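One file, work.pdb, is given below (PDB, C-alpha atoms).
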ATOM      1  CA  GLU S   2       4.719  10.474 -11.383  1.00  0.00           C
ATOM      2  CA  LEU S   3       7.095   7.949  -9.838  1.00  0.00           C
ATOM      3  CA  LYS S   4       8.837   9.433  -6.813  1.00  0.00           C
ATOM      4  CA  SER S   5      12.332   8.585  -5.636  1.00  0.00           C
ATOM      5  CA  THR S   6      14.754   8.416  -2.739  1.00  0.00           C
ATOM      6  CA  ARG S   7      18.331   7.204  -2.320  1.00  0.00           C
ATOM      7  CA  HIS S   8      17.196   3.562  -2.438  1.00  0.00           C
ATOM      8  CA  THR S   9      13.590   3.559  -3.659  1.00  0.00           C
ATOM      9  CA  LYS S  10      11.383   4.285  -6.674  1.00  0.00           C
ATOM     10  CA  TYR S  11       7.677   4.353  -5.880  1.00  0.00           C
ATOM     11  CA  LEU S  12       4.147   5.251  -6.860  1.00  0.00           C
ATOM     12  CA  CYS S  13       1.652   4.271  -4.175  1.00  0.00           C
ATOM     13  CA  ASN S  14      -1.898   5.517  -4.724  1.00  0.00           C
ATOM     14  CA  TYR S  15      -4.852   4.486  -2.554  1.00  0.00           C
ATOM     15  CA  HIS S  16      -8.588   5.090  -2.477  1.00  0.00           C
ATOM     16  CA  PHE S  17      -9.878   5.382   1.101  1.00  0.00           C
ATOM     17  CA  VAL S  18     -13.606   5.479   1.759  1.00  0.00           C
ATOM     18  CA  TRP S  19     -15.449   5.704   5.068  1.00  0.00           C
ATOM     19  CA  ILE S  20     -18.677   7.123   6.492  1.00  0.00           C
ATOM     20  CA  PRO S  21     -19.893   9.274   9.400  1.00  0.00           C
ATOM     21  CA  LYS S  22     -21.616   7.442  12.171  1.00  0.00           C
ATOM     22  CA  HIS S  23     -25.237   8.462  12.903  1.00  0.00           C
ATOM     23  CA  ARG S  24     -26.589  10.523  10.143  1.00  0.00           C
ATOM     24  CA  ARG S  25     -26.229  10.815   6.420  1.00  0.00           C
ATOM     25  CA  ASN S  26     -26.306  14.634   6.471  1.00  0.00           C
ATOM     26  CA  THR S  27     -23.419  15.046   8.926  1.00  0.00           C
ATOM     27  CA  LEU S  28     -20.680  16.510   6.733  1.00  0.00           C
ATOM     28  CA  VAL S  29     -22.285  19.737   5.551  1.00  0.00           C
ATOM     29  CA  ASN S  30     -21.623  23.468   5.489  1.00  0.00           C
ATOM     30  CA  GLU S  31     -18.948  24.531   8.009  1.00  0.00           C
ATOM     31  CA  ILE S  32     -18.488  20.964   9.243  1.00  0.00           C
ATOM     32  CA  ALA S  33     -17.685  19.792   5.723  1.00  0.00           C
ATOM     33  CA  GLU S  34     -15.363  22.726   5.080  1.00  0.00           C
ATOM     34  CA  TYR S  35     -13.389  22.085   8.262  1.00  0.00           C
ATOM     35  CA  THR S  36     -13.254  18.376   7.452  1.00  0.00           C
ATOM     36  CA  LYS S  37     -11.617  19.165   4.088  1.00  0.00           C
ATOM     37  CA  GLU S  38      -9.159  21.505   5.791  1.00  0.00           C
ATOM     38  CA  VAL S  39      -8.091  18.976   8.423  1.00  0.00           C
ATOM     39  CA  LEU S  40      -7.762  16.097   5.960  1.00  0.00           C
ATOM     40  CA  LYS S  41      -5.542  18.279   3.764  1.00  0.00           C
ATOM     41  CA  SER S  42      -3.423  19.212   6.783  1.00  0.00           C
ATOM     42  CA  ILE S  43      -3.046  15.588   7.845  1.00  0.00           C
ATOM     43  CA  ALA S  44      -2.004  14.610   4.324  1.00  0.00           C
ATOM     44  CA  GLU S  45       0.827  17.150   4.248  1.00  0.00           C
ATOM     45  CA  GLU S  46       1.858  16.089   7.764  1.00  0.00           C
ATOM     46  CA  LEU S  47       2.377  12.572   6.410  1.00  0.00           C
ATOM     47  CA  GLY S  48       4.082  13.670   3.209  1.00  0.00           C
ATOM     48  CA  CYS S  49       1.049  12.549   1.219  1.00  0.00           C
ATOM     49  CA  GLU S  50      -0.286  14.186  -1.932  1.00  0.00           C
ATOM     50  CA  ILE S  51      -4.071  14.319  -2.276  1.00  0.00           C
ATOM     51  CA  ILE S  52      -5.149  13.475  -5.817  1.00  0.00           C
ATOM     52  CA  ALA S  53      -8.868  13.926  -5.193  1.00  0.00           C
ATOM     53  CA  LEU S  54     -11.002  14.394  -2.092  1.00  0.00           C
ATOM     54  CA  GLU S  55     -14.790  14.185  -1.937  1.00  0.00           C
ATOM     55  CA  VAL S  56     -16.280  15.266   1.379  1.00  0.00           C
ATOM     56  CA  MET S  57     -19.933  14.385   0.928  1.00  0.00           C
ATOM     57  CA  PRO S  58     -22.716  14.582   3.513  1.00  0.00           C
ATOM     58  CA  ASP S  59     -22.645  10.835   4.112  1.00  0.00           C
ATOM     59  CA  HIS S  60     -19.122   9.736   3.180  1.00  0.00           C
ATOM     60  CA  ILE S  61     -15.533  10.610   2.428  1.00  0.00           C
ATOM     61  CA  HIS S  62     -13.638   9.397  -0.604  1.00  0.00           C
ATOM     62  CA  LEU S  63      -9.934  10.241  -0.279  1.00  0.00           C
ATOM     63  CA  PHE S  64      -7.662   9.347  -3.215  1.00  0.00           C
ATOM     64  CA  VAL S  65      -4.036   9.925  -2.215  1.00  0.00           C
ATOM     65  CA  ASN S  66      -0.444   9.255  -3.207  1.00  0.00           C
ATOM     66  CA  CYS S  67       1.587   8.180  -0.157  1.00  0.00           C
ATOM     67  CA  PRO S  68       5.146   7.196   0.875  1.00  0.00           C
ATOM     68  CA  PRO S  69       5.782   3.416   0.938  1.00  0.00           C
ATOM     69  CA  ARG S  70       6.719   3.474   4.634  1.00  0.00           C
ATOM     70  CA  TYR S  71       3.007   3.500   5.550  1.00  0.00           C
ATOM     71  CA  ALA S  72       0.571   0.591   5.704  1.00  0.00           C
ATOM     72  CA  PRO S  73      -2.903   1.284   4.252  1.00  0.00           C
ATOM     73  CA  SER S  74      -4.375   0.536   7.687  1.00  0.00           C
ATOM     74  CA  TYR S  75      -1.993   2.996   9.353  1.00  0.00           C
ATOM     75  CA  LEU S  76      -2.978   5.716   6.887  1.00  0.00           C
ATOM     76  CA  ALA S  77      -6.716   5.063   7.183  1.00  0.00           C
ATOM     77  CA  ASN S  78      -6.590   5.193  10.965  1.00  0.00           C
ATOM     78  CA  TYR S  79      -4.359   8.284  11.001  1.00  0.00           C
ATOM     79  CA  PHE S  80      -6.658  10.214   8.654  1.00  0.00           C
ATOM     80  CA  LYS S  81      -9.794   9.032  10.459  1.00  0.00           C
ATOM     81  CA  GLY S  82      -8.509   9.179  14.015  1.00  0.00           C
ATOM     82  CA  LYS S  83      -6.844  12.579  13.842  1.00  0.00           C
ATOM     83  CA  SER S  84      -9.630  14.183  11.801  1.00  0.00           C
ATOM     84  CA  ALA S  85     -12.246  12.882  14.245  1.00  0.00           C
ATOM     85  CA  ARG S  86     -10.402  14.359  17.224  1.00  0.00           C
ATOM     86  CA  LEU S  87     -10.112  17.772  15.567  1.00  0.00           C
ATOM     87  CA  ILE S  88     -13.642  17.856  14.152  1.00  0.00           C
ATOM     88  CA  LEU S  89     -15.314  16.762  17.394  1.00  0.00           C
ATOM     89  CA  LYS S  90     -13.216  19.244  19.362  1.00  0.00           C
ATOM     90  CA  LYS S  91     -14.323  22.113  17.137  1.00  0.00           C
ATOM     91  CA  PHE S  92     -18.048  21.382  16.902  1.00  0.00           C
ATOM     92  CA  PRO S  93     -19.727  20.691  20.279  1.00  0.00           C
ATOM     93  CA  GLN S  94     -23.117  19.956  18.724  1.00  0.00           C
ATOM     94  CA  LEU S  95     -21.660  16.853  17.038  1.00  0.00           C
ATOM     95  CA  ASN S  96     -22.922  13.727  18.769  1.00  0.00           C
ATOM     96  CA  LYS S  97     -21.083  11.275  20.945  1.00  0.00           C
ATOM     97  CA  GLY S  98     -17.416  10.530  21.225  1.00  0.00           C
ATOM     98  CA  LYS S  99     -17.203   8.871  17.805  1.00  0.00           C
ATOM     99  CA  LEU S 100     -17.543  10.692  14.489  1.00  0.00           C
ATOM    100  CA  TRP S 101     -16.645   7.791  12.203  1.00  0.00           C
ATOM    101  CA  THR S 102     -17.574   4.115  12.267  1.00  0.00           C
ATOM    102  CA  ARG S 103     -14.665   1.706  12.779  1.00  0.00           C
ATOM    103  CA  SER S 104     -14.828   0.425   9.200  1.00  0.00           C
ATOM    104  CA  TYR S 105     -13.152   1.688   6.039  1.00  0.00           C
ATOM    105  CA  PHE S 106     -12.550   0.665   2.443  1.00  0.00           C
ATOM    106  CA  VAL S 107      -9.127   0.803   0.813  1.00  0.00           C
ATOM    107  CA  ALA S 108      -8.111   0.016  -2.753  1.00  0.00           C
ATOM    108  CA  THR S 109      -4.717   0.431  -4.386  1.00  0.00           C
ATOM    109  CA  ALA S 110      -4.643   2.208  -7.756  1.00  0.00           C
ATOM    110  CA  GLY S 111      -2.239   2.080 -10.668  1.00  0.00           C
ATOM    111  CA  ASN S 112      -1.097   0.283 -13.789  1.00  0.00           C
ATOM    112  CA  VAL S 113       2.551  -0.701 -14.151  1.00  0.00           C
ATOM    113  CA  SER S 114       3.658  -1.547 -17.694  1.00  0.00           C
ATOM    114  CA  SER S 115       6.391  -4.008 -18.624  1.00  0.00           C
ATOM    115  CA  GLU S 116       8.302  -1.013 -20.021  1.00  0.00           C
ATOM    116  CA  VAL S 117       8.390   0.763 -16.652  1.00  0.00           C
ATOM    117  CA  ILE S 118       9.590  -2.404 -14.952  1.00  0.00           C
ATOM    118  CA  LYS S 119      12.261  -3.048 -17.598  1.00  0.00           C
ATOM    119  CA  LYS S 120      13.486   0.542 -17.397  1.00  0.00           C
ATOM    120  CA  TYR S 121      13.858   0.270 -13.628  1.00  0.00           C
ATOM    121  CA  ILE S 122      15.861  -2.948 -13.910  1.00  0.00           C
ATOM    122  CA  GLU S 123      18.235  -1.431 -16.457  1.00  0.00           C
ATOM    123  CA  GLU S 124      18.685   1.710 -14.362  1.00  0.00           C
ATOM    124  CA  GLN S 125      19.655  -0.318 -11.293  1.00  0.00           C
ATOM    125  CA  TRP S 126      22.203  -2.387 -13.198  1.00  0.00           C
ATOM    126  CA  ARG S 127      23.580   0.726 -14.885  1.00  0.00           C
ATOM    127  CA  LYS S 128      23.874   2.195 -11.381  1.00  0.00           C
ATOM    128  CA  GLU S 129      25.202  -0.805  -9.453  1.00  0.00           C
ATOM    129  CA  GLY S 130      27.501  -1.998 -12.209  1.00  0.00           C
ATOM    130  CA  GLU S 131      27.787  -5.548 -13.520  1.00  0.00           C
TER     131      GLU S 131
ATOM    132  CA  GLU X   2     -11.111  -9.973  -5.832  1.00  0.00           C
ATOM    133  CA  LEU X   3     -12.009  -7.560  -3.040  1.00  0.00           C
ATOM    134  CA  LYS X   4     -11.345  -9.026   0.403  1.00  0.00           C
ATOM    135  CA  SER X   5     -12.436  -8.147   3.920  1.00  0.00           C
ATOM    136  CA  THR X   6     -10.817  -8.082   7.349  1.00  0.00           C
ATOM    137  CA  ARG X   7     -12.106  -7.303  10.840  1.00  0.00           C
ATOM    138  CA  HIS X   8     -13.332  -3.822   9.914  1.00  0.00           C
ATOM    139  CA  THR X   9     -12.264  -3.345   6.301  1.00  0.00           C
ATOM    140  CA  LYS X  10     -12.953  -4.150   2.664  1.00  0.00           C
ATOM    141  CA  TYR X  11      -9.782  -4.010   0.622  1.00  0.00           C
ATOM    142  CA  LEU X  12      -7.893  -4.544  -2.603  1.00  0.00           C
ATOM    143  CA  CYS X  13      -4.176  -3.997  -2.080  1.00  0.00           C
ATOM    144  CA  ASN X  14      -1.985  -5.044  -5.005  1.00  0.00           C
ATOM    145  CA  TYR X  15       1.671  -4.072  -5.317  1.00  0.00           C
ATOM    146  CA  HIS X  16       4.435  -4.608  -7.850  1.00  0.00           C
ATOM    147  CA  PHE X  17       7.883  -5.074  -6.257  1.00  0.00           C
ATOM    148  CA  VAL X  18      11.055  -5.186  -8.317  1.00  0.00           C
ATOM    149  CA  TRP X  19      14.635  -5.589  -7.110  1.00  0.00           C
ATOM    150  CA  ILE X  20      17.959  -6.965  -8.312  1.00  0.00           C
ATOM    151  CA  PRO X  21      20.790  -9.148  -7.018  1.00  0.00           C
ATOM    152  CA  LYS X  22      23.897  -7.170  -5.990  1.00  0.00           C
ATOM    153  CA  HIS X  23      26.932  -8.327  -8.012  1.00  0.00           C
ATOM    154  CA  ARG X  24      26.119 -10.437 -11.072  1.00  0.00           C
ATOM    155  CA  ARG X  25      23.334 -10.454 -13.643  1.00  0.00           C
ATOM    156  CA  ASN X  26      23.578 -14.255 -13.724  1.00  0.00           C
ATOM    157  CA  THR X  27      23.063 -14.782  -9.993  1.00  0.00           C
ATOM    158  CA  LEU X  28      19.609 -16.374  -9.938  1.00  0.00           C
ATOM    159  CA  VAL X  29      20.008 -19.486 -12.079  1.00  0.00           C
ATOM    160  CA  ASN X  30      19.486 -23.240 -11.840  1.00  0.00           C
ATOM    161  CA  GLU X  31      19.047 -24.466  -8.240  1.00  0.00           C
ATOM    162  CA  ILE X  32      19.445 -20.949  -6.857  1.00  0.00           C
ATOM    163  CA  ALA X  33      16.570 -19.597  -8.958  1.00  0.00           C
ATOM    164  CA  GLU X  34      14.396 -22.593  -8.086  1.00  0.00           C
ATOM    165  CA  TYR X  35      14.941 -22.172  -4.352  1.00  0.00           C
ATOM    166  CA  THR X  36      14.408 -18.419  -4.581  1.00  0.00           C
ATOM    167  CA  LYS X  37      10.984 -18.916  -6.130  1.00  0.00           C
ATOM    168  CA  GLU X  38      10.195 -21.434  -3.403  1.00  0.00           C
ATOM    169  CA  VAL X  39      11.162 -19.178  -0.491  1.00  0.00           C
ATOM    170  CA  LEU X  40       9.385 -16.137  -1.908  1.00  0.00           C
ATOM    171  CA  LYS X  41       6.192 -18.180  -2.259  1.00  0.00           C
ATOM    172  CA  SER X  42       6.607 -19.414   1.307  1.00  0.00           C
ATOM    173  CA  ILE X  43       7.080 -15.899   2.649  1.00  0.00           C
ATOM    174  CA  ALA X  44       3.969 -14.741   0.788  1.00  0.00           C
ATOM    175  CA  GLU X  45       2.008 -17.572   2.398  1.00  0.00           C
ATOM    176  CA  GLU X  46       3.538 -16.725   5.785  1.00  0.00           C
ATOM    177  CA  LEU X  47       2.348 -13.117   5.522  1.00  0.00           C
ATOM    178  CA  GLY X  48      -1.104 -13.984   4.211  1.00  0.00           C
ATOM    179  CA  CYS X  49      -0.367 -12.513   0.786  1.00  0.00           C
ATOM    180  CA  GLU X  50      -1.566 -13.862  -2.551  1.00  0.00           C
ATOM    181  CA  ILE X  51       0.950 -13.903  -5.390  1.00  0.00           C
ATOM    182  CA  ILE X  52      -0.605 -12.648  -8.623  1.00  0.00           C
ATOM    183  CA  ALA X  53       2.591 -13.071 -10.628  1.00  0.00           C
ATOM    184  CA  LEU X  54       6.213 -13.822  -9.781  1.00  0.00           C
ATOM    185  CA  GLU X  55       9.174 -13.776 -12.134  1.00  0.00           C
ATOM    186  CA  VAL X  56      12.525 -14.933 -10.807  1.00  0.00           C
ATOM    187  CA  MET X  57      14.986 -14.018 -13.536  1.00  0.00           C
ATOM    188  CA  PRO X  58      18.793 -14.252 -13.476  1.00  0.00           C
ATOM    189  CA  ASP X  59      19.179 -10.525 -12.835  1.00  0.00           C
ATOM    190  CA  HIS X  60      15.955  -9.464 -11.110  1.00  0.00           C
ATOM    191  CA  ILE X  61      12.809 -10.359  -9.231  1.00  0.00           C
ATOM    192  CA  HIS X  62       9.388  -9.013 -10.167  1.00  0.00           C
ATOM    193  CA  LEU X  63       6.853  -9.845  -7.455  1.00  0.00           C
ATOM    194  CA  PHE X  64       3.215  -8.844  -8.050  1.00  0.00           C
ATOM    195  CA  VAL X  65       1.204  -9.559  -4.918  1.00  0.00           C
ATOM    196  CA  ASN X  66      -2.137  -8.917  -3.222  1.00  0.00           C
ATOM    197  CA  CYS X  67      -1.658  -8.212   0.490  1.00  0.00           C
ATOM    198  CA  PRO X  68      -3.525  -7.429   3.738  1.00  0.00           C
ATOM    199  CA  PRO X  69      -3.815  -3.669   4.495  1.00  0.00           C
ATOM    200  CA  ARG X  70      -1.871  -4.060   7.746  1.00  0.00           C
ATOM    201  CA  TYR X  71       1.437  -4.053   5.842  1.00  0.00           C
ATOM    202  CA  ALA X  72       3.425  -1.076   4.627  1.00  0.00           C
ATOM    203  CA  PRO X  73       4.875  -1.540   1.128  1.00  0.00           C
ATOM    204  CA  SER X  74       8.380  -0.901   2.482  1.00  0.00           C
ATOM    205  CA  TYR X  75       7.944  -3.522   5.182  1.00  0.00           C
ATOM    206  CA  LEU X  76       6.918  -6.061   2.553  1.00  0.00           C
ATOM    207  CA  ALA X  77       9.853  -5.255   0.275  1.00  0.00           C
ATOM    208  CA  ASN X  78      12.350  -5.489   3.125  1.00  0.00           C
ATOM    209  CA  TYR X  79      10.845  -8.678   4.551  1.00  0.00           C
ATOM    210  CA  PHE X  80      10.608 -10.510   1.231  1.00  0.00           C
ATOM    211  CA  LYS X  81      14.164  -9.362   0.434  1.00  0.00           C
ATOM    212  CA  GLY X  82      15.633  -9.826   3.906  1.00  0.00           C
ATOM    213  CA  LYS X  83      14.225 -13.240   4.724  1.00  0.00           C
ATOM    214  CA  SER X  84      14.793 -14.665   1.244  1.00  0.00           C
ATOM    215  CA  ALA X  85      18.404 -13.463   1.365  1.00  0.00           C
ATOM    216  CA  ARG X  86      18.995 -15.160   4.722  1.00  0.00           C
ATOM    217  CA  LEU X  87      17.535 -18.445   3.494  1.00  0.00           C
ATOM    218  CA  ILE X  88      19.204 -18.301   0.077  1.00  0.00           C
ATOM    219  CA  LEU X  89      22.638 -17.411   1.472  1.00  0.00           C
ATOM    220  CA  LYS X  90      22.310 -20.254   3.954  1.00  0.00           C
ATOM    221  CA  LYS X  91      21.459 -22.827   1.297  1.00  0.00           C
ATOM    222  CA  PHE X  92      24.052 -21.561  -1.181  1.00  0.00           C
ATOM    223  CA  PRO X  93      27.313 -20.654   0.644  1.00  0.00           C
ATOM    224  CA  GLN X  94      28.965 -19.597  -2.610  1.00  0.00           C
ATOM    225  CA  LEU X  95      26.721 -16.522  -2.709  1.00  0.00           C
ATOM    226  CA  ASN X  96      29.115 -15.499   0.036  1.00  0.00           C
ATOM    227  CA  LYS X  97      30.265 -12.121  -1.429  1.00  0.00           C
ATOM    228  CA  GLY X  98      28.303 -10.067   1.093  1.00  0.00           C
ATOM    229  CA  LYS X  99      24.649  -9.042   0.691  1.00  0.00           C
ATOM    230  CA  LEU X 100      22.527 -10.935  -1.837  1.00  0.00           C
ATOM    231  CA  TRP X 101      20.406  -7.974  -2.913  1.00  0.00           C
ATOM    232  CA  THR X 102      21.207  -4.298  -3.355  1.00  0.00           C
ATOM    233  CA  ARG X 103      19.466  -1.998  -0.869  1.00  0.00           C
ATOM    234  CA  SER X 104      17.134  -0.522  -3.488  1.00  0.00           C
ATOM    235  CA  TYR X 105      13.735  -1.571  -4.794  1.00  0.00           C
ATOM    236  CA  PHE X 106      10.800  -0.417  -6.865  1.00  0.00           C
ATOM    237  CA  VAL X 107       7.258  -0.510  -5.499  1.00  0.00           C
ATOM    238  CA  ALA X 108       4.037   0.570  -7.164  1.00  0.00           C
ATOM    239  CA  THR X 109       0.381   0.084  -6.338  1.00  0.00           C
ATOM    240  CA  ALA X 110      -1.943  -1.532  -8.873  1.00  0.00           C
ATOM    241  CA  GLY X 111      -5.694  -1.530  -9.397  1.00  0.00           C
ATOM    242  CA  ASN X 112      -8.656   0.058 -11.170  1.00  0.00           C
ATOM    243  CA  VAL X 113     -11.518  -0.118  -8.658  1.00  0.00           C
ATOM    244  CA  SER X 114     -14.950   0.725 -10.068  1.00  0.00           C
ATOM    245  CA  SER X 115     -17.346   3.356  -8.770  1.00  0.00           C
ATOM    246  CA  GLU X 116     -19.951   0.593  -8.403  1.00  0.00           C
ATOM    247  CA  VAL X 117     -17.784  -1.182  -5.832  1.00  0.00           C
ATOM    248  CA  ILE X 118     -17.295   2.055  -3.898  1.00  0.00           C
ATOM    249  CA  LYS X 119     -21.008   2.911  -4.127  1.00  0.00           C
ATOM    250  CA  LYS X 120     -21.921  -0.564  -2.878  1.00  0.00           C
ATOM    251  CA  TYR X 121     -19.480  -0.259   0.023  1.00  0.00           C
ATOM    252  CA  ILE X 122     -20.992   3.057   1.111  1.00  0.00           C
ATOM    253  CA  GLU X 123     -24.532   1.690   0.986  1.00  0.00           C
ATOM    254  CA  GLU X 124     -23.534  -1.477   2.845  1.00  0.00           C
ATOM    255  CA  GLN X 125     -22.006   0.589   5.633  1.00  0.00           C
ATOM    256  CA  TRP X 126     -25.144   2.712   5.997  1.00  0.00           C
ATOM    257  CA  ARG X 127     -27.340  -0.372   5.916  1.00  0.00           C
ATOM    258  CA  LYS X 128     -25.283  -1.825   8.781  1.00  0.00           C
ATOM    259  CA  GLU X 129     -24.856   1.409  10.748  1.00  0.00           C
ATOM    260  CA  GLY X 130     -28.408   2.695  10.466  1.00  0.00           C
ATOM    261  CA  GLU X 131     -29.393   6.361  10.495  1.00  0.00           C
TER     262      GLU X 131
END
Represent the structure of the file as C-alpha cells.
Amino acid sequence: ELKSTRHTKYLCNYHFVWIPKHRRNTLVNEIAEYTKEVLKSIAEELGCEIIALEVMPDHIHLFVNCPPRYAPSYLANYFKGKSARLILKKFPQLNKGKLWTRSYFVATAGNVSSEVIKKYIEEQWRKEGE
Amino acid sequence: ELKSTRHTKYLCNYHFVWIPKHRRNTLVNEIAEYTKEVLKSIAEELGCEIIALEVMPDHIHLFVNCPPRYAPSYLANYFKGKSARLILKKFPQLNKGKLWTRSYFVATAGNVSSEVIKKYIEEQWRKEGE
C-alpha cells in the first residue's frame, strides 16, 4: 500500500536482477541460504520491504518496495556491494575478489489510476486550504 | 522501451503529483504555458523522457521515464525547486512566498514481463561466460 510521511505519499517498487560471476551453480545450498539472509538484512537496514526474492543458482531476482530517497542505482549497488562483501568473507572457497558482475537490471513496477491521483490532489487541497 | 546505461538495462517510470501552495487557480494562461515549458526543459536537462504531463490550474501530474542514477525524491525536489525559481522569476506576482507546497506524491510504474527478465539473464551469461 501507499506509504506516507509528513510531506510525502509514495509507492516505489523495483525489480532488481543480477548474476554471479563465474559459474551458473554458484548460489546453492549454504551459500544460497546465507545470500538470502544477508539480502533480507540489507533490505531492513535501508527501510525496504522485500515483496519477493528468488535466489537461484545463476541469478538473483529481488522485487522490493523502497523509500523514495534512494536512486535505483544506489539500491542495486548497496544490495550487491554489501552482500558480496559479506558472502565472500564467509565462504573462502568462493573465487576471486568479485562475486557479482558489474551489471544489473532494474525495472519499476506499479499502476497508478486516475482515481488515486485525483484523491491525492483533493487530500492536499483539503489539507493546505484554498 | 527498456534502455541501457554503462552497466545496466532499465525501465524506470515514475508518476509525480504536486500542487501550488495558495490558490487552485494559480497555473493559468501564461503561467501555465511557461510552467509546461520549464518542466519539459528540466526533463531534457536530466535526460528524462516525459510520458505524460498535465499542468492544471491546481496541480501538476508528471509521468516520466528516467535514468536509474536518480532518486525519486531528488527528481521531485529538482523539478519542483528549479521550476519554482524560474516561474517566480518570470511572474513576480506569484510573490506570496513559495510556489509549491513542500509535499508530493511519487509512485513507480511498470509491468515488466518475465521474458524480458529471462532474456537479460541469458544475455549476461552469454557475455560473462561460465
Next on the checklist: Could you tell me which residues of chain S sit within 8 Å of chain X when counting all atoms listed in the file, and give me the result as a count of residues only?
Outcome noted: 44
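For the pair atom CA of residue 87 of chain X and atom CA of residue 57 of chain X, the separation is 17.8 Å.
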Item to check | Chain and number of each residue from the PyMOL selection byres ((chain X and resi 51) around 9), as number ranges by chain | outcome: X: 41, 44-45, 49-50, 52-54, 63-67
Checklist entry - Could you name the residues that touch residue 38 of chain X at 12 Å or less, counting all atoms listed in the file, but leaving out those on the same chain fewer than 4 positions away, as a PyMOL selection string? => result chain X and resi 31-34+42-45+54-56+80+84+87-88
Checklist entry - Taking every C-alpha atom in sequence order, what RMSD separates chain X from chain S after the best least-squares fit? => result 0.7 Å
Give the padded box for segment 52-59 of chain X as lines of an AutoDock Vina configuration file: axis-aligned, covering all atoms listed in the file, 8 Å on each side, centre and edge lengths in Å to one decimal.
center_x = 9.3
center_y = -12.7
center_z = -11.1
size_x = 35.8
size_y = 20.4
size_z = 20.9
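Shortest atom-to-atom contact with residue 99 of chain S among S:2, S:86, S:78, S:30: S:86, counting only C-alpha atoms.
Interatomic distance, atom CA of residue 127 of chain X against atom CA of residue 36 of chain S: 23.5 Å.
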